[PDB]
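**Student:** Before we start, here is the structure in question, set down as structure tokens.
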Amino acid sequence: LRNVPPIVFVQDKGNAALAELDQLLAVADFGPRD
RNA sequence: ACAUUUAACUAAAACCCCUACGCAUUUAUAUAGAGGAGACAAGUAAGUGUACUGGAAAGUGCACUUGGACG
Ligand SMILES: [Mg+2]
């Protein structure tokens, strides 16, 4: 790019949610045959 | 181009040429029209030179400059 504005690095907190939900769903108990 | 005759017992008389200039030269005066400047009035950073496209508005190509940015 000819002109790039100043770069700001911002943490993303929308990924930890899905990671932790998958972690919980991988060991959670579900209904009989459901 | 044109031109020294008369006179002279004191001494004087006579003396008279032809051509420049225009359909040239020099500027200026006015007018057919055309075009200017001034006044009034109302993301691609920025430039220089050059070139092409476009009716314009502008865009793009090549080189150059910082009179920009880069914590
Ligand atoms: Mg130079």
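Ligands are numbered from 1 in the order shown, chains are lettered A, B, ... in the order of the structure tokens, and residues start at 1 in each chain.
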Compile a residue-level contact table for chain B against ligand 1 at a cut-off of 10 Å, reporting for every qualifying residue the shortest atom pair and its distance in Å to one decimal, with only C-alpha atoms (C1' of nucleotides) and all ligand atoms counted, rows ordered by chain and ascending number, as CSV.
**Tutor:**
residue,atom,partner,partner_atom_place_in_ligand_line,distance
B:63,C1',ligand 1,1 (Mg),9.6
B:64,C1',ligand 1,1 (Mg),6.0
B:65,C1',ligand 1,1 (Mg),7.9
**Student:** Can those selected residues be exported to a file as a PDB file, in the first residue's frame so that it contains N, CA, C and O atoms (P, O5', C5', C4', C3', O3' and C1' of nucleotides)?
**Tutor:**
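Writing the result to selection.pdb gives the following:
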ATOM      1  P     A B  63      11.100   5.778 -14.098  1.00  0.00           P
ATOM      2  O5'   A B  63      11.987   7.084 -13.910  1.00  0.00           O
ATOM      3  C5'   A B  63      13.232   7.218 -14.574  1.00  0.00           C
ATOM      4  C4'   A B  63      13.653   8.660 -14.679  1.00  0.00           C
ATOM      5  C3'   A B  63      13.807   9.410 -13.372  1.00  0.00           C
ATOM      6  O3'   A B  63      15.006   9.107 -12.686  1.00  0.00           O
ATOM      7  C1'   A B  63      12.604  10.746 -14.884  1.00  0.00           C
ATOM      8  P     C B  64      15.020   9.083 -11.081  1.00  0.00           P
ATOM      9  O5'   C B  64      14.921  10.616 -10.675  1.00  0.00           O
ATOM     10  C5'   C B  64      15.948  11.530 -11.023  1.00  0.00           C
ATOM     11  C4'   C B  64      15.500  12.954 -10.833  1.00  0.00           C
ATOM     12  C3'   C B  64      15.150  13.352  -9.411  1.00  0.00           C
ATOM     13  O3'   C B  64      16.294  13.671  -8.639  1.00  0.00           O
ATOM     14  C1'   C B  64      13.465  14.111 -10.885  1.00  0.00           C
ATOM     15  P     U B  65      16.322  13.389  -7.060  1.00  0.00           P
ATOM     16  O5'   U B  65      15.396  14.528  -6.452  1.00  0.00           O
ATOM     17  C5'   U B  65      15.796  15.888  -6.495  1.00  0.00           C
ATOM     18  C4'   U B  65      14.783  16.785  -5.835  1.00  0.00           C
ATOM     19  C3'   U B  65      14.330  16.371  -4.447  1.00  0.00           C
ATOM     20  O3'   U B  65      15.249  16.753  -3.442  1.00  0.00           O
ATOM     21  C1'   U B  65      12.455  16.983  -5.753  1.00  0.00           C
TER      22        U B  65
END
**Student:** Kindly provide, as a PDB file with N, CA and C atoms, in the first residue's frame, the residues of chain A having any atom no farther than 10 Å from an atom of chain B, counting only C-alpha atoms (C1' of nucleotides).
**Tutor:**
ATOM      1  N   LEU A   1       0.845  -1.183   0.000  1.00  0.00           N
ATOM      2  CA  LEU A   1       0.000   0.000   0.000  1.00  0.00           C
ATOM      3  C   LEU A   1       0.883   1.235   0.000  1.00  0.00           C
ATOM      4  N   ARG A   2       0.412   2.293  -0.659  1.00  0.00           N
ATOM      5  CA  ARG A   2       1.174   3.538  -0.679  1.00  0.00           C
ATOM      6  C   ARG A   2       1.159   4.203   0.690  1.00  0.00           C
ATOM      7  N   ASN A   3      -0.003   4.228   1.340  1.00  0.00           N
ATOM      8  CA  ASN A   3      -0.170   4.816   2.663  1.00  0.00           C
ATOM      9  C   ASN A   3      -0.855   3.801   3.559  1.00  0.00           C
ATOM     10  N   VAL A   4      -0.250   3.521   4.705  1.00  0.00           N
ATOM     11  CA  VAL A   4      -0.799   2.617   5.711  1.00  0.00           C
ATOM     12  C   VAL A   4      -0.978   3.417   6.997  1.00  0.00           C
ATOM     13  N   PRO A   5      -2.179   3.496   7.568  1.00  0.00           N
ATOM     14  CA  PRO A   5      -2.339   4.213   8.834  1.00  0.00           C
ATOM     15  C   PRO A   5      -1.617   3.487   9.953  1.00  0.00           C
ATOM     16  N   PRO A   6      -1.447   4.117  11.113  1.00  0.00           N
ATOM     17  CA  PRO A   6      -0.759   3.438  12.217  1.00  0.00           C
ATOM     18  C   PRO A   6      -1.455   2.135  12.579  1.00  0.00           C
ATOM     19  N   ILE A   7      -0.658   1.118  12.879  1.00  0.00           N
ATOM     20  CA  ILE A   7      -1.154  -0.229  13.133  1.00  0.00           C
ATOM     21  C   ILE A   7      -1.374  -0.396  14.628  1.00  0.00           C
TER      22      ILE A   7
END
**Student:** From chain A, collect each residue whose DSSP state is helix (DSSP H, G or I) and return the set as a JSON list (two decimals) with N, CA, C and O atoms, in the first residue's frame.
**Tutor:**
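That gives us out01.json:
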[["chain", "number", "residue", "atom", "x", "y", "z"],
["A", 15, "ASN", "N", -12.57, -15.96, 20.16],
["A", 15, "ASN", "CA", -12.06, -17.29, 19.86],
["A", 15, "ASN", "C", -11.97, -18.16, 21.11],
["A", 15, "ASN", "O", -12.25, -19.37, 21.06],
["A", 16, "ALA", "N", -11.57, -17.56, 22.24],
["A", 16, "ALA", "CA", -11.52, -18.29, 23.49],
["A", 16, "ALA", "C", -12.88, -18.88, 23.83],
["A", 16, "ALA", "O", -12.95, -19.97, 24.40],
["A", 17, "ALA", "N", -13.96, -18.18, 23.48],
["A", 17, "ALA", "CA", -15.30, -18.68, 23.76],
["A", 17, "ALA", "C", -15.53, -20.02, 23.09],
["A", 17, "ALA", "O", -15.92, -20.99, 23.74],
["A", 18, "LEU", "N", -15.27, -20.11, 21.78],
["A", 18, "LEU", "CA", -15.52, -21.36, 21.08],
["A", 18, "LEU", "C", -14.53, -22.44, 21.52],
["A", 18, "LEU", "O", -14.91, -23.62, 21.62],
["A", 19, "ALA", "N", -13.28, -22.07, 21.80],
["A", 19, "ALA", "CA", -12.32, -23.06, 22.28],
["A", 19, "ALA", "C", -12.80, -23.69, 23.59],
["A", 19, "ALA", "O", -12.81, -24.92, 23.74],
["A", 20, "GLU", "N", -13.23, -22.86, 24.54],
["A", 20, "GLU", "CA", -13.64, -23.36, 25.84],
["A", 20, "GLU", "C", -14.96, -24.12, 25.74],
["A", 20, "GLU", "O", -15.17, -25.12, 26.44],
["A", 21, "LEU", "N", -15.86, -23.68, 24.86],
["A", 21, "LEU", "CA", -17.10, -24.42, 24.68],
["A", 21, "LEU", "C", -16.85, -25.80, 24.08],
["A", 21, "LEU", "O", -17.50, -26.77, 24.48],
["A", 22, "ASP", "N", -15.95, -25.90, 23.11],
["A", 22, "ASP", "CA", -15.60, -27.21, 22.58],
["A", 22, "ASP", "C", -14.96, -28.07, 23.66],
["A", 22, "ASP", "O", -15.26, -29.27, 23.78],
["A", 23, "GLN", "N", -14.08, -27.47, 24.47],
["A", 23, "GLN", "CA", -13.46, -28.20, 25.57],
["A", 23, "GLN", "C", -14.52, -28.78, 26.50],
["A", 23, "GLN", "O", -14.42, -29.94, 26.93],
["A", 24, "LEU", "N", -15.55, -27.99, 26.83],
["A", 24, "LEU", "CA", -16.60, -28.47, 27.72],
["A", 24, "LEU", "C", -17.49, -29.51, 27.05],
["A", 24, "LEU", "O", -17.85, -30.50, 27.68],
["A", 25, "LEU", "N", -17.87, -29.29, 25.79],
["A", 25, "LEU", "CA", -18.76, -30.22, 25.10],
["A", 25, "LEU", "C", -18.09, -31.55, 24.80],
["A", 25, "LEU", "O", -18.80, -32.54, 24.59]]
**Student:** Quick one: residues within 12 Å of residue 62 (chain B), only C-alpha atoms (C1' of nucleotides), excluding same-chain residues fewer than 4 positions away - as a list in words?
**Tutor:** residues 49, 50 and 51 of chain B
**Student:** Just C-alpha atoms (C1' of nucleotides) for this one: save the residues we selected as a PDB file, in the first residue's frame.
**Tutor:**
ATOM      1  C1'   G B  49       9.448  18.837 -16.838  1.00  0.00           C
ATOM      2  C1'   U B  50       7.585  16.280 -20.985  1.00  0.00           C
ATOM      3  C1'   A B  51       4.170  13.109 -23.670  1.00  0.00           C
TER       4        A B  51
END
**Student:** When you draw a straight line from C1' of residue 21 (chain B) to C1' of residue 1 (chain B), how long is it in Å?
**Tutor:**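 Computing the Euclidean distance for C1' of residue 21 (chain B) and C1' of residue 1 (chain B) yields 22.3 Å.
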**Student:** Any idea what the distance is between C1' of residue 5 (chain B) and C1' of residue 18 (chain B)?
**Tutor:**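 Between these atoms lies a distance of 24.6 Å.
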